[PDB]
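Take a look at the structure set out below.
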Amino acid sequence: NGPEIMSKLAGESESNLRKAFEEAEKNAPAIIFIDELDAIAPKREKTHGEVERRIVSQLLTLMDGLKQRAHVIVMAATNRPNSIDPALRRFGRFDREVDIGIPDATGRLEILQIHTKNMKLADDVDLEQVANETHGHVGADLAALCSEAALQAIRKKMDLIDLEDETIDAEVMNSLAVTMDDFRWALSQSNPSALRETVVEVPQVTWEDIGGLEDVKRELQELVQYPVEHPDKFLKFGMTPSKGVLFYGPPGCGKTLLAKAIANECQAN
Amino acid sequence: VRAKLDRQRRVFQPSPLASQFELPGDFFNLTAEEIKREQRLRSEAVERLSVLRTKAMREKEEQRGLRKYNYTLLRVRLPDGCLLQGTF
Ligand SMILES: Nc1ncnc2c1ncn2[C@@H]1O[C@H](COP(=O)(O)OP(=O)(O)O)[C@@H](O)[C@H]1O
């Protein structure tokens with residue numbers, strides 16, 4: 001992790017970073033994970049400190065040495081893809097990138113189900129309703145949400161039953177169910193850690209949500225679906241599909257729903 | 001026509017034996033009932049101050065505790081050690 005390597009003195013941060021790569025080779029196959037990549041290897045042209053520029057050169061050479069260190073893969077995490085020195089992105093080194101982003105409503109429900117595997121839920125619990133309300137939340141927040149719901153259910157029942165000892169009866173714990181009221185309370189305490197970042201997901205607006213505009217609905221299908229549903233007809237006539245359409249007219253007539261509804265039927269983000 | 005309130009005058013002599021009571025060693029070990037009750041009251045004290053509500057909702061909570069009494073029993077502590085009681 002960046003902060004730990006940066007806490008080391010000049011000469012120690014470079015040696016310690018190299019040792020990590022040497023140990024991974026000795027234990028190969030191995031995976032090296034570098035957290036806060038933007039902290040360990042910030043853009044060199046942005047930092048005047050000699051040590052912070054040096055550690056970038058040291059990481060770049062260690063990454064290149066992976067052609068000799070057999071069966072070692074280096075993974076890294078950053079909060080922003082543009083906060084790291086672009087040299088790392090050259091062929092080799094970090095030439096694969098995956099955008100994790102923010103889970104959508106379906107992903108949020110899956111996370112809630114995962115962190116409740118061991119939890120007994122009451123019949124009134126509706127995790128889909130929770131996932132729909134938790135806008136702007138990420139897995140760390142949904143995990144905390146389940147934890148807080150567990151603690152509230154435990155305080156209501158178990159604190160009246162449990163002993164001042166190291167162990168608790170298995171029957172008492174197994175007989176505790178977490179109700180929807182405990183999730184609602186936990187939702188009031190939780191605060192999303194990623195509310196401002198743009199969320200990209202398949203919209204839930206369908207054609208049934210739009211009154212009228214029967215011809216516009218068909219026009220969007222011709223512009224968006226036909227180029228990929230019938231590509232042989234576009235090639236046959238030498239046509240280049242349109243790249244987009246502009247809507248104009250009075251406000252409040254459904255322009256937003258039209259764009260979402262076509263994305264919905266196409267299952268597009 | 002209304003009945004007159006009878007003072008029911010009584011005088012008592014306290015006995016030194018009334019204050020002689022020794023606790024068991026386990027008296028000061030808090031129970032699960034006390035831990036769950038007190039932990040609930042701590043959360044309710046924070047929630048009560050945190051809730052946004054009009055005066056009518058505040059009156060509904062306070063009003064339930066206000067109406068029980070319309071008589072009083074008075075005592076007077078006299079220099080000679082006698083306890084004088086009556087009804088008003
Ligand atoms: N054709 C329509 N069918 C159903 N609802 C509509 C229609 N046109 C507008 N609305 C309602 O009006 C609101 C505003 O639509 P929107 O396209 O967002 O307008 P604007 O983008 O100008 O603010 C929507 O929330 C929708 O509920």
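How things are named: the first chain in the structure tokens is A, the next is B, and so on; residues count from 1 in each chain; ligands count from 1 in the order shown.
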Residues near residue 156 (chain A), cut-off 12 Å, only C-alpha atoms, skip fewer than 3 positions along chain, as a PyMOL selection string: (chain A and resi 149-153+159-162+176-179+181-182) or (chain B and resi 32-33+35-41+43)
Just want the residues within 6 Å of ligand 1, written as a PyMOL selection string, counting only C-alpha atoms and all ligand atoms. chain A and resi 209-212+251-257
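Counting from CA of residue 71 (chain A), the distance to CA of residue 25 (chain A) is 7.6 Å.
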Excluding residue 69 (chain A) and residues on its chain fewer than 2 positions from it, collect all residues at most 9 Å away from it, counting only C-alpha atoms, and give them as a ChimeraX atom specification. /A:21-22,24-26,28,65-67,71-72
Output the selection as a PDB file, in the first residue's frame - C-alpha atoms for each residue.
```pdb
ATOM      1  CA  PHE A  21       8.698  -8.326  -5.662  1.00  0.00           C
ATOM      2  CA  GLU A  22      11.563 -10.685  -4.775  1.00  0.00           C
ATOM      3  CA  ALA A  24       6.582 -12.945  -4.655  1.00  0.00           C
ATOM      4  CA  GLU A  25       8.986 -14.611  -7.101  1.00  0.00           C
ATOM      5  CA  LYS A  26      10.320 -16.938  -4.397  1.00  0.00           C
ATOM      6  CA  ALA A  28       5.566 -17.966  -7.292  1.00  0.00           C
ATOM      7  CA  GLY A  65      11.354  -7.090 -14.443  1.00  0.00           C
ATOM      8  CA  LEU A  66       8.204  -9.241 -14.442  1.00  0.00           C
ATOM      9  CA  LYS A  67       9.333 -10.707 -17.772  1.00  0.00           C
ATOM     10  CA  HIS A  71       4.318 -16.549 -12.831  1.00  0.00           C
ATOM     11  CA  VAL A  72       3.972 -13.223 -10.964  1.00  0.00           C
TER      12      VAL A  72
END
```
From a DSSP calculation on the backbone, collect every residue of chain B in strand (DSSP E or B) and output the set as a PyMOL selection string. chain B and resi 10-12+73-77+83-87
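Counting only C-alpha atoms, the residue from B:2, B:8, B:59, B:45 that sits nearest to residue 74 (chain B) is B:8.
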What are the DSSP alpha helix (DSSP H) residues of region 39-207 of chain A, as an MDAnalysis selection string? chainID A and resid 39:40 50:64 105:114 127:133 139:157 170:174 180:189
Pick out the residues sitting within 10 Å of residue 78 (chain A), and hand them over as a PDB file with C-alpha atoms, in the first residue's frame; count only C-alpha atoms, and ignore anything fewer than 3 positions along from it in its own chain.
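New file out-v8.pdb:
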```
ATOM      1  CA  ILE A  34      -0.507  -2.403  -4.731  1.00  0.00           C
ATOM      2  CA  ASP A  35      -3.250  -0.368  -3.085  1.00  0.00           C
ATOM      3  CA  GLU A  36      -3.580   3.399  -3.547  1.00  0.00           C
ATOM      4  CA  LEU A  37      -1.457   3.283  -6.690  1.00  0.00           C
ATOM      5  CA  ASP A  38      -1.924   7.052  -7.041  1.00  0.00           C
ATOM      6  CA  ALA A  39      -0.185   7.469  -3.676  1.00  0.00           C
ATOM      7  CA  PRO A  81      -7.564   6.289 -13.338  1.00  0.00           C
ATOM      8  CA  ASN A  82      -6.037   9.696 -14.138  1.00  0.00           C
ATOM      9  CA  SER A  83      -4.112  10.132 -10.864  1.00  0.00           C
ATOM     10  CA  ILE A  84      -1.221   7.834 -11.816  1.00  0.00           C
TER      11      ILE A  84
END
```
So which residues touch region 12-22 of chain B within 10 Å, counting only C-alpha atoms, skipping near sequence neighbours fewer than 3 positions away, as a short mmCIF file (atom, residue, chain, number, x, y, z; two decimals) with N, CA, C and O atoms, in the first residue's frame?
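Wrote around-v7.cif, looks like this:
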```cif
data_model
loop_
_atom_site.label_atom_id
_atom_site.label_comp_id
_atom_site.auth_asym_id
_atom_site.auth_seq_id
_atom_site.Cartn_x
_atom_site.Cartn_y
_atom_site.Cartn_z
N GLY B 25 -23.76 -9.87 48.60
CA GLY B 25 -22.56 -9.55 47.81
C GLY B 25 -22.84 -9.37 46.31
O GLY B 25 -22.19 -8.54 45.66
N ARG B 75 -47.14 15.04 56.40
CA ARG B 75 -46.50 14.68 57.67
C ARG B 75 -45.79 15.90 58.21
O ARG B 75 -45.38 16.75 57.43
N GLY B 81 -39.45 14.12 68.35
CA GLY B 81 -39.31 12.87 67.63
C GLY B 81 -40.64 12.28 67.16
O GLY B 81 -40.61 11.25 66.49
N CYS B 82 -41.78 12.91 67.42
CA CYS B 82 -43.08 12.43 66.97
C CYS B 82 -43.36 12.85 65.51
O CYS B 82 -43.07 13.96 65.06
N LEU B 83 -43.94 11.92 64.75
CA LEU B 83 -44.30 12.10 63.35
C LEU B 83 -45.82 12.25 63.25
O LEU B 83 -46.56 11.29 63.42
N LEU B 84 -46.27 13.45 62.92
CA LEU B 84 -47.69 13.79 62.87
C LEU B 84 -48.16 13.77 61.41
O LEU B 84 -47.61 14.46 60.56
N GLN B 85 -49.18 12.98 61.11
CA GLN B 85 -49.71 12.80 59.76
C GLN B 85 -51.20 13.14 59.70
O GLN B 85 -51.94 12.87 60.65
#
```
I want to know what sits within 12 Å of residue 45 (chain A), based on only C-alpha atoms, with residues of the same chain fewer than 5 positions away left out; could you give that as an MDAnalysis selection string? chainID A and resid 50 52:53 56 83:87
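Between residue 6 (chain B) and the candidates B:44, B:86, B:34, B:23, the tightest atom-to-atom separation, counting only C-alpha atoms, involves B:86.
The residue set within 8 Å of residue 3 (chain A), counting only C-alpha atoms and dropping same-chain residues fewer than 2 places from it, reads residues 1, 5, 6, 7, 36, 39 and 40 of chain A.
With only C-alpha atoms as the basis for measurement, B:30 is the residue among B:3, B:10, B:30, B:67 that approaches chain A most closely.
CA of residue 104 (chain A) sits 23.5 Å away from CA of residue 118 (chain A).
Restricting the calculation to only C-alpha atoms, the smallest distance between residue 4 (chain B) and any of B:31, B:54, B:87, B:63 is found for B:87.
With only C-alpha atoms as the atoms that count, the residue of B:77, B:72, B:29, B:1 with the shortest distance to chain A is B:29.
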Report, in Å with one decimal, the straight-line distance from CA of residue 146 (chain A) to CA of residue 197 (chain A). 23.1 Å
